[PDB]
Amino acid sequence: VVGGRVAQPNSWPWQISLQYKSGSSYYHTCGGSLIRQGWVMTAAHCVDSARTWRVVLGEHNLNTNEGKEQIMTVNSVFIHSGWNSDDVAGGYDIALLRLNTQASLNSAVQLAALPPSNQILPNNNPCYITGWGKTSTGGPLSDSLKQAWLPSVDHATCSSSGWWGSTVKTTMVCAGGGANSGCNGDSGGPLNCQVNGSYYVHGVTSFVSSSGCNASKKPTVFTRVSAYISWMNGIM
(Lines of atoms letter the chains of each structure in order from A and count residues from 1; the text may use other names and numbers.)
(Lines give C-alpha, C1' and ligand atoms only; values in the text may rest on other atoms or scores of the structure.)
Protein backbone atom coordinates (compact mmCIF):
# COMPACT_ATOMS: atom_id res chain seq x y z
CA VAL A 1 0.00 0.00 0.00
CA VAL A 2 1.47 3.36 -1.10
CA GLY A 3 0.52 6.28 1.13
CA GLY A 4 -1.91 5.82 3.99
CA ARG A 5 -0.68 4.44 7.30
CA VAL A 6 -0.14 1.32 9.40
CA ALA A 7 -3.55 0.01 10.53
CA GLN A 8 -4.45 -0.49 14.18
CA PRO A 9 -3.80 -4.21 14.89
CA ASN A 10 -6.66 -6.49 13.90
CA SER A 11 -8.98 -3.64 12.79
CA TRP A 12 -9.84 -5.33 9.43
CA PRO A 13 -10.65 -8.85 10.73
CA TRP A 14 -11.45 -10.46 7.38
CA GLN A 15 -8.06 -9.54 5.85
CA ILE A 16 -5.84 -12.56 5.22
CA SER A 17 -2.22 -13.04 4.11
CA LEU A 18 -1.62 -15.65 1.37
CA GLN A 19 1.89 -17.09 1.51
CA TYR A 20 3.79 -19.77 -0.41
CA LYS A 21 6.48 -22.16 0.77
CA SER A 22 10.07 -21.89 -0.40
CA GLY A 23 12.43 -24.18 1.43
CA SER A 24 11.77 -23.75 5.15
CA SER A 25 10.24 -20.32 4.64
CA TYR A 26 6.84 -18.94 3.69
CA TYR A 27 6.69 -15.68 1.76
CA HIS A 28 3.74 -13.29 1.63
CA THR A 29 2.58 -12.81 -1.94
CA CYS A 30 -1.07 -11.70 -1.84
CA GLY A 31 -3.95 -10.56 0.29
CA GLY A 32 -7.47 -11.96 0.45
CA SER A 33 -10.77 -11.87 2.37
CA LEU A 34 -12.31 -14.48 4.68
CA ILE A 35 -15.89 -14.86 3.37
CA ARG A 36 -17.04 -18.03 5.15
CA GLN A 37 -15.40 -20.00 7.96
CA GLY A 38 -13.70 -22.31 5.46
CA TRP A 39 -13.52 -20.06 2.39
CA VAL A 40 -11.21 -17.29 1.19
CA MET A 41 -11.72 -14.97 -1.79
CA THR A 42 -8.59 -13.73 -3.60
CA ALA A 43 -7.32 -12.87 -7.10
CA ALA A 44 -6.89 -15.54 -9.77
CA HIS A 45 -3.40 -14.21 -10.59
CA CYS A 46 -2.32 -15.07 -7.04
CA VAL A 47 -3.14 -18.77 -7.25
CA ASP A 48 -2.89 -19.84 -10.88
CA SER A 49 0.34 -21.76 -10.15
CA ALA A 50 0.90 -24.96 -8.21
CA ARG A 51 2.50 -23.63 -5.01
CA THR A 52 2.27 -24.84 -1.40
CA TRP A 53 0.00 -22.28 0.23
CA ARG A 54 -0.38 -20.96 3.75
CA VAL A 55 -3.31 -18.72 4.66
CA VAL A 56 -2.88 -16.57 7.77
CA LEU A 57 -5.99 -15.23 9.52
CA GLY A 58 -5.88 -12.64 12.34
CA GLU A 59 -2.50 -11.38 11.11
CA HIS A 60 -0.89 -7.98 11.75
CA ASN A 61 2.94 -8.20 11.93
CA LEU A 62 4.04 -10.81 9.40
CA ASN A 63 7.36 -11.57 11.13
CA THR A 64 6.03 -12.01 14.68
CA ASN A 65 3.94 -14.66 16.42
CA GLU A 66 1.48 -12.36 18.24
CA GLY A 67 -0.98 -14.97 19.45
CA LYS A 68 -4.08 -13.98 17.49
CA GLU A 69 -3.22 -15.66 14.20
CA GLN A 70 -4.88 -18.78 12.79
CA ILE A 71 -2.60 -20.61 10.33
CA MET A 72 -4.58 -22.52 7.66
CA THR A 73 -3.80 -24.68 4.63
CA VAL A 74 -5.64 -24.83 1.29
CA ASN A 75 -7.64 -27.91 0.29
CA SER A 76 -8.79 -26.71 -3.15
CA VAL A 77 -8.44 -23.69 -5.44
CA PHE A 78 -11.29 -22.57 -7.74
CA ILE A 79 -10.28 -20.14 -10.45
CA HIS A 80 -12.92 -18.35 -12.51
CA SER A 81 -13.35 -20.09 -15.89
CA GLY A 82 -13.04 -16.78 -17.74
CA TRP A 83 -9.60 -15.94 -16.33
CA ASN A 84 -6.75 -15.45 -18.79
CA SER A 85 -3.40 -14.67 -17.11
CA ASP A 86 -2.13 -13.43 -20.46
CA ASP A 87 -4.75 -10.70 -20.38
CA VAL A 88 -5.40 -9.37 -16.87
CA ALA A 89 -7.41 -6.48 -18.40
CA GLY A 90 -9.99 -8.97 -19.65
CA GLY A 91 -11.27 -9.31 -16.08
CA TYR A 92 -12.38 -12.45 -14.19
CA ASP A 93 -9.46 -11.98 -11.78
CA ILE A 94 -11.09 -13.89 -8.91
CA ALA A 95 -10.55 -17.21 -7.15
CA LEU A 96 -11.92 -19.03 -4.12
CA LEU A 97 -9.85 -21.15 -1.77
CA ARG A 98 -11.44 -23.94 0.25
CA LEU A 99 -9.41 -24.24 3.48
CA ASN A 100 -8.61 -27.60 5.10
CA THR A 101 -10.35 -26.62 8.35
CA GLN A 102 -12.74 -23.85 9.44
CA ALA A 103 -11.73 -20.67 11.24
CA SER A 104 -12.75 -19.98 14.82
CA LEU A 105 -14.48 -16.60 14.60
CA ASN A 106 -13.54 -14.11 17.29
CA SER A 107 -12.60 -10.44 17.74
CA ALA A 108 -9.51 -10.79 15.51
CA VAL A 109 -11.04 -13.13 12.90
CA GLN A 110 -14.36 -12.32 11.26
CA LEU A 111 -16.22 -12.80 7.99
CA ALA A 112 -16.34 -10.04 5.38
CA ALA A 113 -19.72 -8.69 4.31
CA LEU A 114 -20.29 -9.07 0.56
CA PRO A 115 -22.47 -6.69 -1.49
CA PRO A 116 -25.82 -7.61 -3.12
CA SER A 117 -25.49 -8.96 -6.66
CA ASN A 118 -24.80 -6.25 -9.28
CA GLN A 119 -24.59 -3.39 -6.77
CA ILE A 120 -22.71 -0.35 -8.12
CA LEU A 121 -21.10 2.27 -5.84
CA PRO A 122 -21.76 5.97 -6.42
CA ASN A 123 -18.80 8.12 -7.38
CA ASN A 124 -16.46 9.02 -4.51
CA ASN A 125 -17.75 6.36 -2.12
CA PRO A 126 -15.53 6.27 1.00
CA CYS A 127 -13.34 3.16 0.76
CA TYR A 128 -10.01 1.90 2.09
CA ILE A 129 -7.53 -0.50 0.55
CA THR A 130 -5.68 -2.75 3.01
CA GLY A 131 -2.56 -4.89 2.62
CA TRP A 132 1.08 -5.77 3.32
CA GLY A 133 2.24 -4.86 -0.19
CA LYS A 134 5.02 -2.54 -1.32
CA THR A 135 5.03 0.91 0.24
CA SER A 136 6.26 2.49 -3.01
CA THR A 137 6.90 1.24 -6.54
CA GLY A 138 9.88 -1.09 -6.26
CA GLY A 139 9.87 -0.41 -2.52
CA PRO A 140 9.79 -2.98 0.31
CA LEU A 141 6.75 -4.90 1.58
CA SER A 142 5.25 -3.70 4.86
CA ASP A 143 5.77 -5.93 7.92
CA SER A 144 2.60 -4.47 9.46
CA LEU A 145 -0.82 -4.23 7.79
CA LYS A 146 -1.46 -0.82 6.19
CA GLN A 147 -4.60 0.98 5.08
CA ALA A 148 -5.08 3.96 2.79
CA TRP A 149 -8.05 6.16 2.02
CA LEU A 150 -8.97 5.18 -1.55
CA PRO A 151 -12.43 6.51 -2.56
CA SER A 152 -14.22 4.92 -5.52
CA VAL A 153 -14.04 6.44 -9.01
CA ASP A 154 -17.10 5.72 -11.18
CA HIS A 155 -16.84 3.84 -14.47
CA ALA A 156 -17.53 6.93 -16.59
CA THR A 157 -14.47 8.70 -15.19
CA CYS A 158 -12.26 5.65 -14.93
CA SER A 159 -12.89 4.52 -18.52
CA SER A 160 -12.40 8.02 -19.97
CA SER A 161 -9.45 8.31 -22.38
CA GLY A 162 -7.49 10.42 -19.91
CA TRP A 163 -7.63 7.68 -17.29
CA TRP A 164 -7.67 3.93 -17.99
CA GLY A 165 -9.72 4.23 -21.15
CA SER A 166 -10.85 0.87 -22.51
CA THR A 167 -8.55 -1.10 -20.21
CA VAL A 168 -11.19 -1.05 -17.45
CA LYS A 169 -14.35 -3.12 -17.85
CA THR A 170 -17.74 -2.80 -16.14
CA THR A 171 -16.84 -5.90 -14.08
CA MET A 172 -14.14 -3.82 -12.36
CA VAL A 173 -14.09 -1.06 -9.72
CA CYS A 174 -11.58 1.80 -9.75
CA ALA A 175 -10.43 3.61 -6.64
CA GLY A 176 -7.93 6.37 -6.01
CA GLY A 177 -6.05 7.80 -8.97
CA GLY A 178 -3.86 9.96 -6.78
CA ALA A 179 -0.95 9.54 -4.37
CA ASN A 180 -2.52 6.59 -2.51
CA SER A 181 -2.62 3.20 -4.19
CA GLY A 182 -2.25 -0.54 -3.89
CA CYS A 183 1.07 -1.97 -5.04
CA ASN A 184 2.75 -5.38 -5.49
CA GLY A 185 1.82 -7.73 -2.66
CA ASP A 186 -1.62 -6.13 -2.19
CA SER A 187 -3.17 -8.18 -5.04
CA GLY A 188 -6.15 -10.30 -4.00
CA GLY A 189 -6.85 -8.09 -0.99
CA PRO A 190 -10.06 -6.13 -0.34
CA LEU A 191 -11.35 -2.68 -1.24
CA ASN A 192 -13.37 -2.04 1.95
CA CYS A 193 -16.22 0.37 1.27
CA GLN A 194 -18.55 1.95 3.79
CA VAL A 195 -22.16 1.55 2.66
CA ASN A 196 -24.98 2.54 5.03
CA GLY A 197 -22.52 2.77 7.92
CA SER A 198 -21.00 -0.72 7.47
CA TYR A 199 -17.92 -2.00 5.62
CA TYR A 200 -18.48 -4.31 2.67
CA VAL A 201 -15.84 -5.83 0.46
CA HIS A 202 -16.49 -4.39 -3.01
CA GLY A 203 -13.27 -5.27 -4.78
CA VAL A 204 -10.42 -7.76 -5.07
CA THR A 205 -7.18 -5.89 -5.91
CA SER A 206 -6.24 -6.82 -9.47
CA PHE A 207 -3.84 -4.36 -11.14
CA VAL A 208 -2.09 -0.95 -11.19
CA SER A 209 -0.31 1.03 -13.93
CA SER A 210 2.83 -0.59 -15.34
CA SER A 211 4.77 2.67 -15.03
CA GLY A 212 4.20 3.04 -11.29
CA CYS A 213 1.89 1.88 -8.53
CA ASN A 214 0.42 5.33 -7.78
CA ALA A 215 0.65 6.78 -11.31
CA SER A 216 -1.43 9.97 -11.77
CA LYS A 217 -4.92 9.23 -13.16
CA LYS A 218 -4.24 5.49 -12.98
CA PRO A 219 -6.45 4.39 -10.03
CA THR A 220 -5.97 0.91 -8.55
CA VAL A 221 -8.27 -1.49 -10.38
CA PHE A 222 -10.26 -4.15 -8.53
CA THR A 223 -12.37 -7.10 -9.67
CA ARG A 224 -15.96 -5.94 -8.90
CA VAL A 225 -17.12 -8.42 -6.27
CA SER A 226 -20.82 -7.74 -6.89
CA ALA A 227 -20.49 -9.11 -10.45
CA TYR A 228 -19.50 -12.56 -9.17
CA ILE A 229 -22.00 -13.27 -6.40
CA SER A 230 -23.82 -15.96 -8.39
CA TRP A 231 -20.58 -17.60 -9.52
CA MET A 232 -19.36 -17.76 -5.89
CA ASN A 233 -22.66 -19.13 -4.64
CA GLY A 234 -22.57 -21.75 -7.36
CA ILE A 235 -19.21 -22.95 -6.04
CA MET A 236 -19.72 -22.74 -2.25
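Sequential numbering from 1, following the sequence displayed.
Looking at mean Cα B-factors across 34-42 and 204-212, the upper value is held by 204-212.
Taking the PDB entry as given, 21-29 carries the higher mean Cα B factor of the two stretches 21-29 and 223-231. Across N196, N61, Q70, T171, the greatest Cα temperature factor reported in the deposited entry is at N196. Note on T157, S152, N106, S144: the highest value goes to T157, judged by CA B factor as recorded. Per the deposited record, the Cα B-factor of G185 falls in the lowest third when ranked against the other modelled residues of its chain. Compared with the other modelled residues of the chain, the Cα B-factor recorded for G131 ranks in the lowest third. When the modelled residues of the chain are ordered by their C-alpha B factor, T52 lands in the middle third. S76: CA B factor lies in the highest third for its chain, per the PDB record. Per the deposited record, the Cα B-factor of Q102 falls in the middle third when ranked against the other modelled residues of its chain.
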